[PDB]
Amino acid sequence: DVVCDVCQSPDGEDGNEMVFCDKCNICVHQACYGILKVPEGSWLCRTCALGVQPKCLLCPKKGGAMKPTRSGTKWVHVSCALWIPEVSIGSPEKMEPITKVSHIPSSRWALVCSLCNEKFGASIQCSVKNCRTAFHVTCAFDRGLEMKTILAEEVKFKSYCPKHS
Ligand SMILES: [Zn+2]
Ligand SMILES: [Zn+2]
Ligand SMILES: [Zn+2]
Ligand SMILES: [Zn+2]
Ligand SMILES: [Zn+2]
């Protein structure tokens, strides 16, 4: 039916409802996109409100829930910012801005996404400890890899290559 673009979940919660953008028809949880209060009527995402189609600094995928850095001139996928370790979210409840992008190591910038083979952006790797297979977060989602947020002794983000999914 309908799924949240960030976490790929179809179910809402009390105080964490599914909200739809009036223009691009995208769907996001309150907690996933930083919506503090359910709107009284229609609602717009950030890029539709600004009227721009920015490219993600970290992956080659176009469209989807994106948030801006402190500058407001650069944009990053919420999923990419969540799943890439070195990236941090300025506000954990407003879900913005996307910061510490400069902290991504050169070794991560050097990884080639095994799914699209586009030497652009930043890729994460398989959660299995010896699996060096790398891929974009958005590519991992679109291709259909196992992408879970599990609760350990603490939320841990697990992304598994096709072989280990
Ligand atoms: Zn969500
Ligand atoms: Zn929109
Ligand atoms: Zn991205
Ligand atoms: Zn890719
Ligand atoms: Zn693997």
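All residue numbers refer to a per-chain count from 1 along the written sequence rather than necessarily to the numbering of the entry. Residues that lack coordinates are not shown. To read the labels, note that chains go from A and ligands from 1, taken in the order they are written. Side-chain measures here rest on the full set of heavy atoms in the structure, leaving out hydrogens and waters.

This entry lists X-ray crystallography as its structure determination method and reports a resolution of 2.74 Å.

As annotated in the PDB entry, the protein chain carries the name Protein Jade-1 and comes from Homo sapiens. The deposited PDB record carries the title "Crystal structure of JADE1 PZP domain".

S.K.: In this structure, what is going on with the side chain of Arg-108? I would like to understand it.
M.R.: Helix and strand labels come from DSSP, where a helix needs a run of H or I of at least four residues and a strand needs a run of E of at least two; each type is numbered from the N terminus. Take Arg-108: it is sitting in helix 4 (residues 106-110). Polar contact is defined as a pair of N or O atoms within 3.5 Å, subject to the rule that within protein one atom must be able to donate a hydrogen and the other to accept it, and that residues adjacent in sequence are counted only when both atoms are side-chain atoms. Side-chain polar atoms of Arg-108 contact the backbone oxygen of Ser-123, separated by 3.2 Å. Working rule for contacts: check all heavy atoms of both residues, and any pair within 4.5 Å makes them a contact. Not counting residues within four places of it along the chain, the set of residues in contact with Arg-108 comprises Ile-84, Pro-85, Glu-86, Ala-122, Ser-123 and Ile-124.

S.K.: I keep staring at the coordination of the zinc ion (ligand 4) and nothing clicks. Help me out?
M.R.: Think of it this way: four donors in a tetrahedron around the metal ideally sit 109.5 degrees apart, and six in an octahedron ideally sit 90 or 180 degrees apart. Atoms are scored as donors when they are N, O or S and lie within 2.8 Å of the metal, with 3.2 Å used for Na, K and Ca; no water is included, so coordination may look incomplete. The protein atoms that coordinate the zinc ion (ligand 4) are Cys-113 (SG), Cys-116 (SG), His-136 (ND1) and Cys-139 (SG), at distances of 2.0 to 2.3 Å. A site with four donors is called tetrahedral when every donor-metal-donor angle falls between 85 and 135 degrees; four donors are called square planar, and six octahedral, when opposite donors sit more than 155 degrees apart and all other angles fall between 65 and 115; any other arrangement is irregular. One can describe the site at the zinc ion (ligand 4) as tetrahedral: its four donor atoms subtend angles covering 97 to 120° at the metal. One chain supplies every donor for the zinc ion (ligand 4), spaced along it as C-x2-C-x19-H-x2-C. Burial status follows relative accessibility: with a 1.4 Å probe on protein chains alone, a residue under 20% of its type maximum counts as buried, one over 50% as exposed, and anything between as partly exposed. The class for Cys-116 is partly exposed, based on a relative accessible area of 26%.

S.K.: Just to check I follow, could you spell out the nonpolar core for this structure?
M.R.: Side chains of nonpolar character tend, in soluble globular proteins, to be buried together. Nine residue types can take part in a nonpolar core, namely buried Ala, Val, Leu, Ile, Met, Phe, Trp, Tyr and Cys, and a core is a set of them joined through side-chain atoms within 4.5 Å. One finds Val-28, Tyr-33, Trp-43, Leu-58, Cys-80, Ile-84 and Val-137 to be the most contacted residues of the largest nonpolar core, which totals 45 residues. Secondary-structure elements contributing two or more residues to this core are strand 1 (18-20), strand 2 (27-29), helix 1 (30-33), strand 4 (75-77), helix 3 (78-83) and helix 5 (137-143). Filtering out sequence-adjacent residues up to four positions away, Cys-80 remains in contact with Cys-56, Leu-58, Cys-59, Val-137 and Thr-138.

S.K.: Quick question: what am I supposed to make of the coordination of the zinc ion (ligand 3) here?
M.R.: Only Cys-56 (SG), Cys-59 (SG), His-77 (ND1) and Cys-80 (SG) from the protein coordinate the zinc ion (ligand 3), and they sit 2.0 to 2.3 Å from it. Considering all four donor atoms around the zinc ion (ligand 3), the spread of angles at the metal, 86 to 128°, places the coordination shape in the tetrahedral class.

S.K.: In this structure, what is going on with unusual backbone geometry? I would like to understand it.
M.R.: Trans peptide bonds make up the majority, and among non-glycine residues the majority have a negative phi. At the junction of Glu-96 and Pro-97, the peptide bond is cis and its omega measures out at 0° in the coordinates. Relative to the helices and strands, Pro-97 resides in strand 6 (residues 96-99). We note that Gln-8 has phi near 60°; this positive angle belongs to a residue other than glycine. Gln-8 sits in the partly exposed class, given a relative accessible area of 41%. Even without being a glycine, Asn-25 presents a positive backbone phi close to 65°.

S.K.: What is the right way to look at the pattern of salt bridges in this model?
M.R.: Between side chains of opposite charge, pairing is possible as soon as their charged atoms come close. Note on definitions: salt bridges are taken to be side-chain nitrogens of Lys or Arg within 4 Å of carboxyl oxygens of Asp or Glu. Within this structure, the stated rule accounts for four salt bridges. For the salt bridge of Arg-46 with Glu-96, the shortest nitrogen-to-oxygen distance reads 2.7 Å. With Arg-46 in helix 2 (residues 46-50) and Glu-96 in strand 6, the pair connects residues that are 50 residues apart, well separated along the chain. When its relative accessible area of 30% is taken as the criterion, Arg-46 is described as partly exposed.

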